[PDB]
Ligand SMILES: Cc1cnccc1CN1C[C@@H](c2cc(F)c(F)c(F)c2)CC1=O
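Below, in structure tokens: the form deposited without the ligand, a single chain.
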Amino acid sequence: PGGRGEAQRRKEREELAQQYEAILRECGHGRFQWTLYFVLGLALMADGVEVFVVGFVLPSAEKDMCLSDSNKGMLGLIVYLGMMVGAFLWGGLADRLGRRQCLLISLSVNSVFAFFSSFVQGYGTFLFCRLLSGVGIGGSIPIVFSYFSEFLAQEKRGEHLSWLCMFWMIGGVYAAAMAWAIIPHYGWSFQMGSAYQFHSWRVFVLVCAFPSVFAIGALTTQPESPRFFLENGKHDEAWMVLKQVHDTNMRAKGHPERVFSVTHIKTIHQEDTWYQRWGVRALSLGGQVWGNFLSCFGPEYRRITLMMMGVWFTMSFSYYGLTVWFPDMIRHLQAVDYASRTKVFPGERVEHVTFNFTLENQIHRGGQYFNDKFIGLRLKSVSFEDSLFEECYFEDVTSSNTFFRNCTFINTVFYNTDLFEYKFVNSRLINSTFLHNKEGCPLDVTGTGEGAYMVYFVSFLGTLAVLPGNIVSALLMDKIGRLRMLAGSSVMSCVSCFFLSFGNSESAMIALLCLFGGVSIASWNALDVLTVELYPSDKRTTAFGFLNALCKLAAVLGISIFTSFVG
């Protein structure tokens, strides 16, 4: 009777899909689909902000706490682990919790946790709270695509479902713009009663998590998804959901909702201790999720599932590329760009002369002063090494970005300077008198901020230029159909000649990565939209959960093996 029961269930699912599609067609206009797409764009941009921050801003924002390289570099992989664990668990639980409730709690749990993280201290506390943010955010993509694909009709599924890349990219660009803006400017941190001179990235995390509360406020009015109610077999709630979504067309032009209600009731008739209790229903939910995973792994969907597993594995290369790989190349390019401006000062002092010209970006090697005396000299990016000064009574010498290594001074007095005894490392404290001097601070991220904002701008412009490469590619894989291969080959050949001829600069790499990012993101949307079409809605949310989980595992393991493969 097992085979007959399975065949009967398959027939039930087929007739349920047909009926669903019937309600989809009887709805009428798809402007409510536009509304849902715009609303869920906020969740998309929140996920984009999260992936942007973890890919780019996290390694450098930690310098206020001076974590080790094996701490800050690996922190990205811990946060990726957090989001993939969230993906596993909550994609699995999406088919049972309630997609609207699940999405709302997913947004809120990361939003409030980032709200708390933006002010707290602690070396491992930041890692823990970013794990919390990642486990909150990693489930956004599967939930959002399932939730939006339920509402959208079968015919208009392709275009209006694959146009979701726009909000993700706008979120990435907006997060990049905030990173460029807030990080270098210290006017946003004005406060009273708080002596902590923390860097602006504490405010940056808050302002980048703000789109999460945007999304929460957007979704607090949207109703629940009806097809989940149909899967549960519930009748009345899906009836109000469909009546509400049909009220949009009722306002538009007016439709016979009573007749549609008759079809809805017809298909309803066709489709017939607190702590202890937490574990009591948790074990049942986990067992049902395990059974769902075993069923989706069965002979019905084994070949297809493994086929995509291979497809994402060969596609995940572009994913970790565009998320984390080229950052090293672009930071190296920015470093060699910055190296062309700095200069070495071997000592330009002259006998019995007064020096007052402003000087910046100095690294000293052998620049000793022979009984010199200067007043009002401006020094920026101070780096003294084997450049001892004798009888240099400096007054009103405003200075910033002061760091020392292997240096000494004799009868040297500094006033109104940023010099501090904490920064003195591997040097002898000779004549290190800073009485009545301006209060110095440890450098921490101060020596990286100049490289921080400019790389934020280069990332911002890269993600901005990905969008024009996204539009044409999305139309390419939206409209052409079966023969997209010739257009794709033309695109790659043209962009190859593009950077080949255009390689007589340093923006050639920027253009190359922008074009490749556009192509890869369009392909990602194409894979998402085709996977939506293939899997049935009964097990689709858990599907996407496992798919995103495997994608993130592959993305992590890429760099995890590259760091020990080539170096």
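Note that the rigid core is defined as the largest set of C-alphas that superpose within 1.5 Å between two forms. Numbering starts at 1 and follows the sequence shown.
The same protein also has a form solved in complex with the ligand, omitted here; what follows describes it.
### Query
Looking in the deposited bound form, any heavy atom of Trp312 within 4.5 Å of the ligand?
Looking in the deposited bound form, residue contacts with the ligand include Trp312, since a heavy atom lies within 4.5 Å.
### Query
Is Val205 one of the residues lying within 4.5 Å of the ligand in the deposited bound form, judged by heavy atom distances?
Although the ligand is absent here, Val205 would stay clear of it in the deposited bound form, with no heavy atoms inside 4.5 Å.
### Message
Is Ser520 part of the interface with the ligand in the deposited bound form - any heavy atom within 4.5 Å?
### Response
The answer is yes: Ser520 has a heavy atom within 4.5 Å of the ligand.
### Query
Does at least one non-hydrogen atom of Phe499 fall within 4.5 angstroms of the ligand in the deposited bound form?
No.
### Among 243-251, 111-119, 287-295, 314-322, the region lying within 4.5 Å of the ligand in the deposited bound form by heavy atom distance
Heavy atoms within 4.5 Å of the ligand in the deposited bound form occur in 314-322.
### Message
in the deposited bound form, does every one of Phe145, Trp168 and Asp528 come within 4.5 Å of the ligand, counting any heavy atom?
### Response
Contact check passed for all of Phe145, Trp168 and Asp528.
### Message
Which residue, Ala209, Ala452, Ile141, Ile182, is the contact with the ligand in the deposited bound form, using a 4.5 Å heavy atom cutoff?
### Response
None of the others qualify; the residue that does is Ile141.
### Query
Tell me, which of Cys102, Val466, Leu132, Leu230 has a heavy atom within 4.5 angstroms of the ligand in the deposited bound form?
Only one option qualifies, and that one is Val466.
### Query
Can you name the residues of 288-309 that have a heavy atom within 4.5 Å of the ligand in the deposited bound form?
If the 4.5 Å heavy-atom criterion is applied to the ligand in the deposited bound form, 288-309 yields nothing.
### Query
Just one of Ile330, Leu219, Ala181, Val207 has a CA that shifts 2 Å or more between the shown form and the other one on a core fit; which is it?
Among the listed residues, the outlier is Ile330.
### Query
After fitting the rigid core, is the C-alpha of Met477 off by 2 Å or more between the shown form and the other one?
The answer is yes, as the C-alpha of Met477 shifts between the shown form and the other one by 2 Å or more after core alignment.
### Message
If the two forms are fitted on the core, does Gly462 show a Cα displacement reaching 2 angstroms between the shown form and the other one?
### Response
True for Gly462: a C-alpha shift of 2 Å or more.
#### Entry: Residue shift check between the shown form and the other one, rigid core fit, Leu547 Cα at least 2 Å
No, its C-alpha moves less than 2 Å.
### Task
Could you tell me whether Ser496 and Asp528 have their C-alpha atoms closer or farther apart in the deposited bound form than in the shown form, knowing the shift is 3 angstroms or more?
Residues converge in the deposited bound form, at least 3 Å closer.
### Message
in the deposited bound form, the Cα separation between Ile141 and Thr323 changes by 3 Å or more relative to the shown form; did it shrink or grow?
### Response
It is farther: the C-alpha separation of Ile141 and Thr323 rises by at least 3 Å in the deposited bound form.
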